[PDB]
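Take a look at the letters that make up each chain.
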Amino acid sequence: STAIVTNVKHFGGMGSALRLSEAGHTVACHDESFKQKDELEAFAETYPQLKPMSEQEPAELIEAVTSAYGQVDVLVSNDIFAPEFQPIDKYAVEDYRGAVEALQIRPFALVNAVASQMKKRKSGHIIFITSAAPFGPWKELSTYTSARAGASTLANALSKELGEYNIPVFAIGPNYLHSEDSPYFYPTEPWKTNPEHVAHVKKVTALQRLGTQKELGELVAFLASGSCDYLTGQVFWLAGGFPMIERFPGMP
Amino acid sequence: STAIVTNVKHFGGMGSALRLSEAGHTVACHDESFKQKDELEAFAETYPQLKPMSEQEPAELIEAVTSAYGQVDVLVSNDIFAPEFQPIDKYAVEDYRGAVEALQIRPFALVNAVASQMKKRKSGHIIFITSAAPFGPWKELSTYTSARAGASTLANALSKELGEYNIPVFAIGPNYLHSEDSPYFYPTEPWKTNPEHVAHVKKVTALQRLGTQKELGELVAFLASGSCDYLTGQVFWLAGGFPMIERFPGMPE
Amino acid sequence: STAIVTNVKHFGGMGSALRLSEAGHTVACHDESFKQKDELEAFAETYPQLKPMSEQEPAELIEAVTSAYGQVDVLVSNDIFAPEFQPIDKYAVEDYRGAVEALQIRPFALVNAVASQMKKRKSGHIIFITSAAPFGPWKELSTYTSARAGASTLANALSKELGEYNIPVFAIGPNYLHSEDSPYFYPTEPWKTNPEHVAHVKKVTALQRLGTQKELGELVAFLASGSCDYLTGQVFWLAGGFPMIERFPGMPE
Amino acid sequence: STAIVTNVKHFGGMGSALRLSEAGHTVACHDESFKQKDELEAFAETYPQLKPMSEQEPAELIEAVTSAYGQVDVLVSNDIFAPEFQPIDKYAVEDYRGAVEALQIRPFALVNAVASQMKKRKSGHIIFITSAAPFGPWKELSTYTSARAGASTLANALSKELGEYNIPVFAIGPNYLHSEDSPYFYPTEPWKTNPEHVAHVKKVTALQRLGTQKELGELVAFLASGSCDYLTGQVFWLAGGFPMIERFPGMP
Ligand SMILES: [K+]
Ligand SMILES: [K+]
Ligand code: NA
Ligand code: NA
Ligand code: NA
Ligand code: NA
Ligand code: NA
Ligand code: NA
């Protein structure tokens, strides 16, 4: 079927996009670097089974994809924003408006653009990649953390209205997901290379490793398959058992 | 001790301010209407125990209360927004922006202006009045529901950094809270007067009544008292045991 | 790879076993009825792809499957109990003991007998089929609701220790799951046939249908596949978007 | 009014009992050491405003208290059990039956015994002291942790049926609550005396300290007051912002 995967080059983008193509889907990909031609074209070259798009705004992209491939069956909102740690008084208020625009407004806008056709066909799936950060927050990341929570709750609240139209809505909240060359949010260096960082991941996850792009993609495809629509409204903590809580002195 | 209560004429404003006042706080009050002198002075007359301010903006308000009454010890971010039910496709994206601005950015901005003063003394109490909507969502309120979750998570998040400075941070998430003459969100009319409304409330809450402004105010005061700082980070569902969920055909209502 | 599915004739038993079988597992099956040879042999005839065992007790079962089929790679603790609605004062304390024994102790005991073998290889998958009741409770089901929460928390708790040995642990908490000819907990009769029941399900779930044994089975197989071990500790609400919560007088159903 | 506080000498017992008396309540106290006479009598001596009881089983104790003081207005189920850390295969199954009997069956049994009269008066409050452990579990405590979760969920599920009779039901889940001389669960030594243990509490709580008996008692009394009945069904995480999650290498 026809899927869209945003910000395809970062975070949960490559896992989701490439696993979806393997499921036989046509996969239109959005990204920021695709406002240029060298970039879109190189990507389209490197990935023949993927269709990059230059469209950059939300509703634009939905119409485009619908014109080119007939409709949008699956939306994977892979949202990203650079986390800046700051004590609350040291942020500007625009920094929180930043986070909210990128991590709540964007997914909202997308679904606002695509819902109508899904509802008329009474078919579609919607996946938000959010964050597990609200489940185990670090101090000094209040902008990023809270905006992620808003996104996850959006997914769950949509599941309630869109179930009537046979449309599942999911949020996937990762943490420690290996993002390979992407700085969002766990690049190979340092997160696999430096002992500092390997020792940390090992301590704070029960499985003692980063999540893989392959695991994220497997979930995304299993969900978008129509195999388990009854999980609608789930938020999935794709976090490897994070957090591992420090135990009492004396115990390993 | 100086409290600030926002949007004092609506939602949890009056219960908070009145009960904080009874506890002994000086209670500085913000409200949209107070940008007009008539309104401001009317309110001060009816409530000599409360201190209405005219300042509308966050930094501007915090500053004014600090100059006037020494400092800000307690912030009650009583945030409001007119919710509008739509299917998602029938909302404008601006309707979400609006909801986030009123329900997230505003408490953020108040904390952002006040936290440094609190952190220097190593004392203060911060309470967001959010909503219980994320806990039992209705269909077709996606914007307000998600934004409220966002503000509740913000309180929890902030509790982790502020703890270091002995500042507890809480979110109170009401539902079915009697709002008296305020339309945000459960006025006397129709919620106490119309039979369909009385019957609805009776079915959907476990206590079968609206929550009172007095209950909300007691909680706000209890949390601001220093009696139980070790709850910091808690989101409180002040919703009377809502939601009651429909049981199988045949079983009593 | 050898799976064990318990109480296979009921609740999520058949969907799990059938789909695990289709995925390629050898599926050893437990059921109360299999302590009788007639029952056991009937079942094996109808399902040549499944392997019914007669062993009833945890250590006894795990042992038998290990001797027969090499080892136990996947445990699906499909736990059941006849729920009885009572106001709390009308229950016996024994009614709670009963519920905890069937819904907590039993999965505990199965994991307790199987975990050492899994931990030596550093591979295995454990799935509890619990319930979504704690997520949207009904009044007057205190025993079953609480015990199910307990088993869901046990899965999460166990995930923290077993992670070290690359063993994911999950809880699937269904509601309104079509159970076919099993009375646990949503049989074809009345849940697909009686008009009041069809209408109830339509109102209270967001998908307006019962969940299918096939959906449950796909999840169980997906989780046992190794495709997404990094979900370990997850409690999954397999309930179709239940609960739908009654909106204000005047708004469509 | 008339309250009951179980296992008064440990965990949340002294805070709750003694704060309730200050609120003007008659407070009957249960404990294990009160199966003896030296113990009950010494306690009754040391605490004139408290009424210890020798009753040891649940329904017995409720009837007793009702005979002596007319009725039971407030029940504070302060449940305890010794946490044993064990990898799952190393427990016996009786060890989990142990935990469940002590931490779920007991509170259930109590409420089973007292509900009728509360429902007939259409007045009463019920408080379970559980644990915040399910909110942030340590590894190797699966018995204790899961049984606590069952208790907390019992409280919330009861809130649904007993609201109709004007009866709030709460659970208070502590962690790091200073229990003074009680080994359940954070005695003064080591938890205030040893630097090892002080440094740990400081790291894992946002407020960087143990909870006080006084804070627990303040909550218990505020709740049993009838001041904020609308919080019914709340589980309260009385944990000081625990857990504090380890941050990335390089950051404090
Ligand atoms: K997006
Ligand atoms: K007790
Ligand atoms: Na993240
Ligand atoms: Na709708
Ligand atoms: Na609300
Ligand atoms: Na169930
Ligand atoms: Na504990
Ligand atoms: Na009842």
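- Structure determination for this entry is recorded as X-ray crystallography, at 1.80 Å resolution.

### Side note on the overall build of chain B
So, step 1. The secondary structure content of chain B amounts to 8 helices and 7 strands.
So, step 2. Here chain B has a C-alpha radius of gyration of 18 Å; the compact-globule value for 253 residues is 18 Å, and the two agree.
So, step 3. Taken over the C-alpha atoms alone, chain B extends approximately 60 × 40 × 40 Å along its principal axes.
So, step 4. The 253 residues of chain B split such that 65% are buried.
So, step 5. Only carbon and sulfur atoms are counted for the fraction: they give 49% of the accessible area of chain B, which is about 8500 Å².
So, step 6. With 21 positive and 30 negative side-chain charges, chain B shows a spacing of 6 Å between the two charge centroids.

### Things to note about the overall build of chain A
So, step 1. Along its length, chain A carries 8 helices and 7 strands.
So, step 2. A principal-axis box enclosing the C-alpha atoms of chain A has dimensions of 60 × 40 × 40 Å.
So, step 3. With 252 residues in all, chain A has 64% of them scored as buried.
So, step 4. Of all intrachain contacts in chain A linking residues separated by at least 6 positions in sequence, the fraction that spans at least 24 positions is 71%.
So, step 5. Put simply, chain A shows about 8300 Å² of open surface, and 50% of that area lies on carbon and sulfur atoms.
So, step 6. Here chain A holds 21 positive side-chain charges and 29 negative ones, and the gap between their average locations is 6 Å.

### Observations concerning the coordination of the potassium ion (ligand 1)
Four donors placed tetrahedrally around a metal ideally meet at 109.5 degrees, and six donors placed octahedrally ideally meet at 90 or 180 degrees.
Residues and elements named next belong to chain A.
So, step 1. Coordination sphere of the potassium ion (ligand 1), protein contribution only: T6 (OG1), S77 (OG) and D79 (OD), at 2.5 to 2.9 Å.
So, step 2. Between the donor residues of the potassium ion (ligand 1), the gaps in sequence give the motif T-x70-S-x1-D.
So, step 3. Under the relative-accessibility criterion, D79 is labelled buried at 2%.

### Here's the deal with the relation of the copies chain B and chain C
So, step 1. In the superposition of chain B on chain C (RMSD 0.0 Å, axial shift 0.0 Å), the rotation amounts to 180 degrees. Considering both components of the superposition, the chain copies are consistent with a two-fold axis. Relative to the rotation axis, the C-alpha of B:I245 is the closest in chain B, positioned 3.4 Å from it.
So, step 2. Both copies present the same face, since 100% of the interface residues in chain B are matched by interface residues at the equivalent positions in chain C.

### A word on the coordination of the sodium ion (ligand 7)
All names here are of chain D.
So, step 1. With distances of 3.0 Å, the protein atoms coordinating the sodium ion (ligand 7) are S131 (OG) and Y144 (OH). Separated by 13 residues along the polypeptide, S131 in the loop between β5 (125-129) and α5 (142-162) and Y144 in helix α5 bring together distant segments of the chain.
So, step 2. Since its relative accessible area comes to 6%, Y144 is described here as buried.

### So, the sheet that holds strand β7 (residues 235-238) of chain D
Residues and elements named next belong to chain D.
So, step 1. Strand order across the open sheet formed by 7 strands is β3-β2-β1-β4-β5-β6-β7, with parallel pairing between neighbours. Sheet topology places β3 (50-52) and β7 at the edges, where each strand pairs with a single neighbour. Adjacent strand axes in the sheet meet at a mean angle of 20 degrees, parallel and antiparallel pairs treated alike.
So, step 2. With 3 bridges joining them, strand β2 (residues 26-29) and β3 adopt parallel strand pairing. Residue pairing across strands places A28 opposite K51, the latter belonging to β3.
So, step 3. Strands β1 (2-5), β2 and β3 of the sheet are contacted by helix α3 (residues 58-69), whose axis makes an angle of about 150 degrees with β1.
So, step 4. Helix α4 (residues 93-121) rests against β4 (74-78) and β5 of the sheet, and its axis sits at about 180 degrees to β4.

### Regarding the pattern of salt bridges
So, step 1. Under the criterion given, the structure shown has 48 salt bridges over all chains.
So, step 2. Note that A:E140 and D:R247 form a salt bridge whose closest N and O atoms lie 3.1 Å from each other. With A:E140 in the loop between β5 (125-129) and α5 (142-162) and D:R247 in the segment after β7, this residue pair bridges two chains.
So, step 3. A relative accessible area of 10% means that D:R247 is categorised as buried.
So, step 4. D:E246 is paired through a salt bridge with A:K203; the nearest N and O atoms lie 3.2 Å apart. Here D:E246, found in the segment after β7, pairs with A:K203, found in helix α7 (residues 195-204), and the two come from separate chains.

### Observations concerning the interface of chain B and chain C
Buried accessible area, meaning the area lost when the parts come together, often serves as the stated size of an interface.
So, step 1. On the chain C side, the residues contacting the 24 residues of chain B number 24 residues.
So, step 2. Across the interface of chain B and chain C, roughly 2200 Å² is buried in total on both sides, 71% from carbon and sulfur atoms.
So, step 3. Linking chain B with chain C are 4 salt bridges.
So, step 4. For B:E246, the salt bridge goes to C:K203, with nearest N and O atoms at 3.7 Å.
So, step 5. The interface formed by chain B and chain C includes 6 residue pairs in polar contact.

### A look at the sheet that holds strand β1 (residues 2-5) of chain A
Residues and elements named next belong to chain A.
So, step 1. Strand order in the open sheet formed by 7 strands is β3-β2-β1-β4-β5-β6-β7, and the pairing between neighbours is parallel. Each having just a single partner strand, β3 (50-52) and β7 (235-238) make up the two edges of the open sheet. The average undirected angle you get between the axes of adjacent strands in this sheet is 20 degrees.
So, step 2. In this structure, strand β6 (residues 169-174) lies alongside β7, joined through 4 bridges in parallel fashion. If you follow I172 over to β7, its bridge partner there is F236.
So, step 3. The sheet contacts of helix α3 (residues 58-69) involve β1, β2 (26-29) and β3, and relative to β1 the element is tilted by about 150 degrees.

### A look at the pairing of β1(A)
All names here are of chain A.
So, step 1. Neither face of β1 is left uncovered, since the one carrying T2 and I4 and the one carrying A3 and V5 both have all their residues buried.
So, step 2. Where β1 meets β2, 4 bridges bridge the pair, whose relative direction is parallel. Following the sheet pairing, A3 is matched in β2 by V27.
So, step 3. Taking the sense of rotation as the criterion, the β-α-β connection linking β1, helix α1 (residues 13-22) and β2 turns out right-handed.
So, step 4. Both β1 and strand β4 (residues 74-78) contribute to a ladder of 3 bridges, which runs parallel. Pairing of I4 across the sheet is with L75, part of β4.

### Brief notes about the packing of aromatic side chains
So, step 1. The final tally for this structure, using the stated rule, is 84 aromatic pairs over all chains.
So, step 2. A ring pair is formed by B:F248 and C:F85, whose centres lie 6.0 Å apart and whose planes are at 70 degrees; its orientation type is edge-to-face. Taken together, the residues span two chains, with B:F248 in the segment after β7 (235-238) and C:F85 in the loop between β4 (74-78) and α4 (93-121).
So, step 3. Here a set of aromatic residues connected by ring pairs shows up, and it is made of A:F85, A:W138, A:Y176, A:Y186, A:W191, A:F242 and D:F248.

### Some details on the side chain of D:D229
So, step 1. Mapped onto the elements, D:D229 comes out in the loop between α8 (213-224) and β7.
So, step 2. For the buried D:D229, no salt bridge exists, and the shortest N-O distance to an oppositely charged side chain is 4.7 Å, to B:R209.

### Looking at α5(D)
So, step 1. Counted at 1.5 Å a residue, the expected span for α5(D) with its 21 residues is 30 Å, and the 30 Å between its end C-alpha atoms agrees.
So, step 2. With respect to burial, α5(D) is a largely interior element, 21 of its 21 residues being buried.

Definitions and cut-offs
- Residues numbered from 1 in each chain as written, not as in the entry; some residues may be left out.
- Chains lettered and ligands numbered in written order.
- Heavy atoms only, no water.
- Helix = DSSP H or I, 4+ residues; strand = E, 2+ residues; numbered from the N terminus.
- Rg over C-alpha atoms; globule rule 2.2 N^0.38 Å.
- Buried < 20%, exposed > 50% of the residue type's maximum accessible area, 1.4 Å probe, protein only.
- Areas by Shrake-Rupley, 256 points an atom, 1.4 Å probe, with all protein chains shown as cover.
- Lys, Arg positive; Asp, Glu negative; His and termini not counted.
- Charge placed at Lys NZ, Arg CZ, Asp CG, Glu CD.
- Contact = heavy atoms within 4.5 Å.
- Donors = N, O, S within 2.8 Å, 3.2 Å for Na, K, Ca; no water.
- Least-squares fit on C-alpha atoms.
- Pairing = 2+ DSSP bridges.
- Axes fitted to C-alpha atoms, helices over the stretch in contact; angles between N-to-C directions.
- Salt bridge = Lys/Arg side-chain N within 4 Å of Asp/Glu carboxyl O.
- Buried area = accessible area lost by both parts, 1.4 Å probe.
- Polar contact = N/O pair within 3.5 Å; in protein donor to acceptor, adjacent residues only side chain to side chain.
- Right-handed = clockwise from strand over helix to strand, strands pointing away.
- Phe/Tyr/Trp six-rings, centres within 6.5 Å; stacked < 30°, edge-to-face > 60°.
- Expected span 1.5 Å × (residues − 1).

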